[PDB]
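First the structure, in the form of structure tokens, and then the observations on it.
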Amino acid sequence: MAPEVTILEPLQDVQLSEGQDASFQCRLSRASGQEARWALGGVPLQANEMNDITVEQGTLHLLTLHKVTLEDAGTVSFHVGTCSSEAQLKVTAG
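Per the entry's author numbering, the sequence shown starts with residue 1, numbered consecutively.
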């Protein structure tokens with residue numbers, strides 16, 4: 001037994017009213033062939049001040065988004081030499 005990149009991202013769809021903080025969580029086991037790539041809008045992103053990214057043991061991933069904005073909303077995409085996936089993050093006015 002020796003699985004490559006485990007793709008366990010229940011990030012099917014996330015909705016949150018404006019003014020509220022947002023956070024993402026996904027479990028991705030280590031790779032073997034190629035490593036998964038993180039990107040927003042199809043282009044690589046950058047963990048700005050508001051956008052901070054932290055990685056913990058167990059190959060755990062977590063997108064820490066502080067004061068979200070209607071502008072922050074968008075589509076996050078991933079590309080792995082083994083499989084591909086995506087998710088849509090929407091913001092509801094309120």
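All C-beta atoms in this analysis are idealised placements derived from N, C-alpha and C, irrespective of residue type, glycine included.
Exercise. Is DSSP giving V14 helix, strand or coil here?
Worked result: For the purposes of this step, residue 14 is taken as residue 14 along the sequence shown, with counting starting at 1. Three-state DSSP puts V14 in a strand.
For this session: Within 10 angstroms of the Cβ of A93, are there 16 or more other Cβ atoms? Answer buried if so, exposed if not.
Result: Counting from 1 along the sequence shown, the entry for residue 93 is found at position 93. Result: exposed.
Problem set entry | Per DSSP, cross-strand counterpart(s) of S84 | Locating residue 84 in the sequence shown gives position 84, where the first residue counts as 1. For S84, which the question treats as bridged, DSSP gives the partners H79.
For this session: Over the uninterrupted beta strand (DSSP E) stretch that includes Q25, give me the two end residues.
Result: Counting from 1 along the sequence shown, the entry for residue 25 is found at position 25. Residues 22–27.
Exercise. Alpha carbon to alpha carbon, what distance is there between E86 and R30?
Worked result: As a working mapping, residue 30 is identified with position 30 in the sequence shown. As a working mapping, residue 86 is identified with position 86 in the sequence shown. Between the alpha carbons of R30 and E86 lies a distance of about 19 Å.
Exercise. Hey, out of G33, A36, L16, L11, whose CA is closest to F24's CA?
Worked result: For the purposes of this step, residue 24 is identified with residue 24 of the sequence shown, where counting begins at 1. Out of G33, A36, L16, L11, the CA that lies nearest to the CA of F24 is found in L11.
Exercise. What are the boundary residues of the beta strand (DSSP E) that includes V55?
Worked result: Along the sequence shown, read from residue 1 onward, the residue named residue 55 stands at position 55. Run containing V55: 51–56, per the beta strand (DSSP E) assignment.
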